[PDB]
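Here are the chains, one letter per residue:
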Amino acid sequence: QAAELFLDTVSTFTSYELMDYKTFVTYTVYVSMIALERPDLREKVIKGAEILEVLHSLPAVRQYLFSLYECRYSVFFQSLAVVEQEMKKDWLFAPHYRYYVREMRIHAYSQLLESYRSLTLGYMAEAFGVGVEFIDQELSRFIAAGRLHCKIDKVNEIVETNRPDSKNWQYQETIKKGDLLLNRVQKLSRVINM
Amino acid sequence: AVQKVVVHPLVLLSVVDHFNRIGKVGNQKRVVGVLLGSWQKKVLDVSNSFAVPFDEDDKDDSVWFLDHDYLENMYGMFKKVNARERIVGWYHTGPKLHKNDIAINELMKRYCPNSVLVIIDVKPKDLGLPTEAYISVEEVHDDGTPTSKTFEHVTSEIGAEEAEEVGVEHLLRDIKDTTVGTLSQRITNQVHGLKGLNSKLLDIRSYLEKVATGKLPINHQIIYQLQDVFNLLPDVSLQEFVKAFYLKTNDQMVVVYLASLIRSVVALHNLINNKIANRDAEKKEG
Amino acid sequence: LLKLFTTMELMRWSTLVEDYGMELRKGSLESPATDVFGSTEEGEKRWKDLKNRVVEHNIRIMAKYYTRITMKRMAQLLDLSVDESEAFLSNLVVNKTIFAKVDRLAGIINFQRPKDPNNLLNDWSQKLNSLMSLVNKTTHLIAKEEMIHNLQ
Amino acid sequence: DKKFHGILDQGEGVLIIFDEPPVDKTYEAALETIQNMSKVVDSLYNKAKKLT
Amino acid sequence: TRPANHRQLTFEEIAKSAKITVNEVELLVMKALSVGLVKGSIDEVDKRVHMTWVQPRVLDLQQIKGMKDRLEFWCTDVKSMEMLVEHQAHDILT
Amino acid sequence: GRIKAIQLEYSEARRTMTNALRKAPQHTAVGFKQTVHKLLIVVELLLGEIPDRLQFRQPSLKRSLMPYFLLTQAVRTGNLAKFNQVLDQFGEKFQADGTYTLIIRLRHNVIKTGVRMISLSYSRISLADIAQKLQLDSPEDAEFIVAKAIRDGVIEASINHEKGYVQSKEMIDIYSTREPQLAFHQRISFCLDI
Amino acid sequence: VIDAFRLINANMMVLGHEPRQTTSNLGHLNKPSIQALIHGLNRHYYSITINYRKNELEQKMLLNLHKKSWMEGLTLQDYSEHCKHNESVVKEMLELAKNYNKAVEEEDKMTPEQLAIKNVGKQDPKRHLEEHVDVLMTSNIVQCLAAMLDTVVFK
């Protein structure tokens, strides 16, 4: 919601009372990538005239946004670490500072794995930040979590992608969403009539 | 020819009245008359019928009488009362399509060049519709006989006019599939359809009794259709068809799920709406 | 001309030319033949165009009667090199005339639209309707025969 | 960029192409309806919990 | 001859029974389909020919008895599925 | 609920308690809410389903469930050492609440969950590597539990005894199967019940 | 609506003696219509009770014939179009449900009769939502059931 609302008010920022414009763009760029998909960025924050001009005064944030699009993943993490430490200190973001770093990492992994089919994690260990065991350790946790569609073969050190149809997730959540509502309706029934 | 023939309730009733009016003999005899009606966009409608005298001895079924003058004289009467209705065919109880009713059609072919005969039982105790409508179709072949001329069936259903429906439903006041929803469908098409399928299948089995005791020396054509029937049986449910079924049977369950959940919520709110009502009434009272 | 109607005419351009070389030089009157095909440039173009139509007929007809055809054998029927066969197939597919998806890594090209879940089931629905109607027609033919002559 | 629907196999340089059928709808409508009624039941709590 | 279940006539299995080479059976199947006498599809990857409808022919007096069997095994199956609905749907009836 | 809990009748143990939970008084009886909650989370953990995180944050459950929240940290993570290291820390309170008997039997679950995720995220993992990630302490016994885990249905794919790698089968396209209809029948039957 | 009639003699009214010499409480069962009473009802003509004769042969050959079908039971109703109908109906509940929320807060206010009259110009989601749900459940229950019934009747 924030990305959609903020991006609409990027060109109209009369509320200088909180979060002066220089910080408003950073917030709009910090939440824009975690919110929208790649085709949306092309005409919302990259080609956007208002936002590109402000970044000229900010060297750190500008390299963070364009790193993801330019596929310079090595500089992405170094930029994602500084945003990591800055978000903790910054108010209104510390509560979900851990969520942002973890979610951005998944968004980066899926971006790289989408193109290829059988890339080797030895190749990921260099083009996505140093470490072969880190990518192995980091990837394993995310696959078990249910995101980052890919499946790892250790002996040959190769990760093969898969293409789960957009129904298993859709069905898996329509039951999980239904359960939450269903529990709520059950609790209402017991509230009435003792 | 004609895709379908719709039979109004009045004509259906005027045939039952005809049989009882003359059926004092009791044992058995057909009753034959002349049908009236009109058609549009190649779909016939039959509304009125009058009784034409007709007798025929049982033995040597090549003798029978139908009063042409009575047909012509009376039609002058019916034409005056209603000009729209014109002769369209003939009807006869004739539960078994007696043989001689292929030269009779030639007698009535004069008044209606393309006439249809509708067999409507007067004593029905069964499950199927009591109105079979046949039309005459010609083709000569070297198998059956040198003179070949046979009837071809046209689907028939019981129609309803605005005026007739008022009386028909008033006359019944006996049983109606009230609350026409999942209850009537599970009984008006599912169970009844299975009953009909079994009877038609049983009819095929009865004819196939000729395998042992020959009645007719293998009709040939009947076998041809039966072979095509078997090939058309749905392919065994073991291949990708099974996945397709589940991906669609379950897809229909989601909508049922959503509908039920919405039903519960509305039901729960309804109870709350009512329950707060009497609590408020009771609290003020005492 | 009858070779474009009946038998579905899997044509061999080699046989078509050898059986009909008269339409380029002479015949009974061959008057259109000299103008239509006998020229130098205008007629010659219509020679290539006829081969395209003859190749188009072979490709379309094989589509109706084929589920998957190996690329190599496709060239033999069409009478063009494998590379040329791909070029013509791509031209037809790109213009939305013939449905075909080619897996050139294995030289197999299949003419079957990936069956949809509803289409697979919808066809099953139509099979029942014909089966039910035939059963109704079968019984109604029995009464005309079994219940007519028997009584006699 | 969501222009193609395939992947690149670096093993033999082959561009596999996929169909990727649509989202099929009739699930987002169900999903949004579930959540829209999720707050409708929420509106029912305050009608009963704090009223009856 | 083949039961409707299998109907997977292979290329070799057709050439042998008609005295044709393997590289020629293709023109035979199309010829049969072109006239309209059999229906099916040709798969020249596993060398298989599917058949779905062979034109009906005459059955003297024994294949017709077998046809009776397939109706008895089918009428009894439809019979069972009738009472199943009628018994478990007694409330929803009349 | 507790009677069935101690006798391995877990399936009905969870359903019996949750029904007691919703029928239990809300405003008062706070004392026994903690006890009912404590056993349910332990019964769920043995079953395998992850307990909801909502009731580890309630004002009246924050302190009480801490000895049991840390337990669910080790059980959810496939590693076995964490569970052992969590037992020695809070074993006493398990004694004090008369529930330690049910916890010492969780060692099997800590492996079942880990083997499930490990087989879910990897496709061909060396047999030795399995022990290191699950802290099995040796590769010789890894085969049996991995072999045993296959019988019960914990994981699907087979193993190569000679080569020494555990392979996993690509289980995709779950929608076509009949299980989604079964899940919908359960919700449908009760929803039509209310 | 028939109400068969008959004429009364003018001599009787001149004589003044009431006709029909009622000898049973059978004719005074139907209240004469005020419209008919305005005219010469019980003044120039008297009504006669009208009833009907019905027999099972007539009824069974009319009631069990009017609205019937032969084989429509085992027809799967254009499986491709069936789910499309579901999508349109369900999508209507997405907006219909949202208006339900806005129709619960403003309710339960004073003068419910005022609330009752306030639903005379705008669609009420309470009834509209139920109507769609009713059709949705029956259409799929019938449509789904025919799927398994057919799968056993035919091979």
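Procedures and definitions
- Residues numbered from 1 in each chain as written, not as in the entry; some residues may be left out.
- Chains lettered and ligands numbered in written order.
- Part of a larger assembly, values for the part shown.
- Heavy atoms only, no water.
- Helix = DSSP H or I, 4+ residues; strand = E, 2+ residues; numbered from the N terminus.
- Buried < 20%, exposed > 50% of the residue type's maximum accessible area, 1.4 Å probe, protein only.
- Contact = heavy atoms within 4.5 Å.
- Domains from an automatic or database assignment.
- Buried area = accessible area lost by both parts, 1.4 Å probe.
- Salt bridge = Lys/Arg side-chain N within 4 Å of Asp/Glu carboxyl O.
- Polar contact = N/O pair within 3.5 Å; in protein donor to acceptor, adjacent residues only side chain to side chain.
- Nonpolar A, V, L, I, M, F, W, Y, C, P; charged D, E, K, R; others polar.
- Patch = residues over 30% accessible without salt bridge, like charges linked within 9 Å, V, L, I, M, F, W, Y side chains within 5 Å.
- Areas by Shrake-Rupley, 256 points an atom, 1.4 Å probe, with all protein chains shown as cover.
- Pairing = 2+ DSSP bridges.
- Axes fitted to C-alpha atoms, helices over the stretch in contact; angles between N-to-C directions.
- Core = buried A, V, L, I, M, F, W, Y, C linked by side-chain atoms within 4.5 Å.

Structure determination for the deposited model, as stated in its record, used cryo-EM, and the stated resolution is 2.9 Å.

A.B. asks: Let's hear about the overall build of chain A: which residues, and what values?
C.D. replies: Across its full length, chain A holds 10 helices and 2 strands. Its helices and strands in sequence order give chain A the pattern α-α-α-α-α-α-α-α-α-β-β-α, from N to C terminus. C-alpha extents for chain A along the principal axes are approximately 60 × 55 × 30 Å. Looking at chain A residue by residue over its 194 residues, the buried ones come to 45%. The long-range share in chain A, meaning contacts at least 24 apart out of those at least 6 apart in sequence, stands at 53%.

A.B. asks: How would you explain the environment of B:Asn100 if you had to name every residue and give the values?
C.D. replies: All names here are of chain B. Its place among the elements puts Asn-100 in the loop between β6 (86-92) and α3 (104-108). By relative accessible area, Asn-100 is classed as buried at 6%. Taking C-alpha positions, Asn-100 is 12 Å from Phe-151, a pair spaced 51 residues apart along the chain.

A.B. asks: Can you lay out the domain arrangement of chain B for me, pointing to particular residues and giving the numbers?
C.D. replies: Bring the parts together and some accessible area is lost; that lost area is often taken as the interface size. Segmentation of chain B into domains returns domain 1 (2-182) and domain 2 (223-282). Here the C-alpha centroids of domain 1 of chain B and domain 2 of chain B sit 43 Å apart.

A.B. asks: Could you give an account of the side chain of A:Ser140, with specific residues and numbers?
C.D. replies: Turning to its location among the elements, A:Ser140 is positioned in helix α9 (residues 132-144). Excluding its chain neighbours within four sequence positions, the residues that come into contact with A:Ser140 are A:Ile152, F:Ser121, F:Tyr122 and F:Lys133.

A.B. asks: Residues and numbers for the interface of chain G and chain B, please.
C.D. replies: In this complex, chain G contributes 45 residues to the contact, which on the side of chain B involves 55 residues. Together, the buried faces of chain G and chain B total about 4700 Å²; carbon and sulfur atoms form 72% of this surface. Taken together, the links from chain G to chain B amount to 0 salt bridges. For the interface between chain G and chain B, the tally reads 10 residue pairs in polar contact. Among the elements of the structure, α3 (56-60), α4 (79-105) and α6 (125-153) of chain G are those that each provide at least two residues to the side of chain G that touches chain B. Looking at the side of chain G that touches chain B element by element, the count peaks at 17 residues for α6(G). Each residue belonging to the side of chain G that touches chain B can be placed in one class, and the counts come to 28 nonpolar, 8 polar and 9 charged.

A.B. asks: Explain a nonpolar patch on the surface residue by residue, including any values.
C.D. replies: Residues and elements named next belong to chain C. Together, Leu-1, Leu-2, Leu-4 and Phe-5 make up a nonpolar patch on the protein surface, roughly 500 Å² of accessible area in all. Mapping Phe-5 onto the fold places it in the segment before α1 (13-19). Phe-5 sits in the exposed class, given a relative accessible area of 53%.

A.B. asks: An account of the pattern of salt bridges is requested, with residue identities and associated values reported.
C.D. replies: If you walk through the whole model with that rule in mind, you get 31 salt bridges over all chains. Taking the shortest distance from any N to any O, the salt bridge between A:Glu103 and A:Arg147 comes out at 2.7 Å. A residue pair is termed long-range when its members are at least 10 positions apart, and A:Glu103 in helix α7 (residues 97-115) and A:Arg147 in the loop between α9 and β1 (151-153) qualify at 44 residues. Notably, a salt bridge pairs F:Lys38 with F:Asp97, separated by 2.6 Å at the nearest N-O pair.

A.B. asks: Describe the sheet that holds strand β7 (residues 116-119) of chain B, naming the residues involved and giving the relevant values.
C.D. replies: In any sheet, the strands associate via hydrogen bonds between backbone groups, in a parallel or an antiparallel arrangement. Residue and element names in this part refer to chain B. With mixed pairing, the 7 strands of this closed barrel are ordered in space as β1-β3-β2-β6-β7-β8-β9. Looking at each pair of strands side by side, their axes are set apart by 40° on average, direction ignored. Of the strand pairs in this sheet, strand β8 (residues 132-138) and strand β9 (residues 149-158) are connected by 6 bridges, and their pairing is antiparallel. In the strand pairing of β9, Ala-133 is matched with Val-154. Sheet contacts for helix α2 (residues 68-81): β2 (32-40), β3 (43-51) and β6; angle to β3, the most-contacted strand, approximately 110°.

A.B. asks: Explain the nonpolar core residue by residue, including any values.
C.D. replies: Counting residues in each nonpolar core, the largest one holds 95 residues, and the members touching the most others are A:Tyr100, A:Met124, A:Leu139, F:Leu71, F:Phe83 and F:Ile103. Looking at this core, the element that brings in the most residues is α7(A), giving 9 residues. In contact with A:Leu139, not counting residues within four places along its chain, are A:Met124, A:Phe134, A:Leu148, A:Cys150 and A:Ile152. Core analysis: the next-biggest nonpolar cluster, separate from the first, contains 48 residues, B:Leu35, B:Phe50, B:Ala133 and G:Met61 among them.

A.B. asks: Hey, could you go over the sheet that holds strand β1 (residues 38-44) of chain E for me, with residue numbers and the actual values?
C.D. replies: Strand order in this open sheet of 5 strands is β2(C)-β3(C)-β1(C)-β1(E)-β2(E), and the pairing throughout is mixed. In this open sheet, the two strands that pair with only one neighbour each are β2 (101-103) of chain C together with β2 (48-54) of chain E. Averaged over all pairs of adjacent strands, the angle between their axes in this sheet comes to 20°, without regard to strand direction. Here strand β1 (residues 66-70) of chain C runs beside β1(E); their pairing, made up of 3 bridges, is parallel. Across the sheet, the residue bridging to C:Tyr66 is E:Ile42, located in β1(E). Sheet strands in contact with helix α2 (residues 25-35) of chain E are β1 of chain C together with β1 and β2 of chain E, and its direction is about 150° off that of β1(E).

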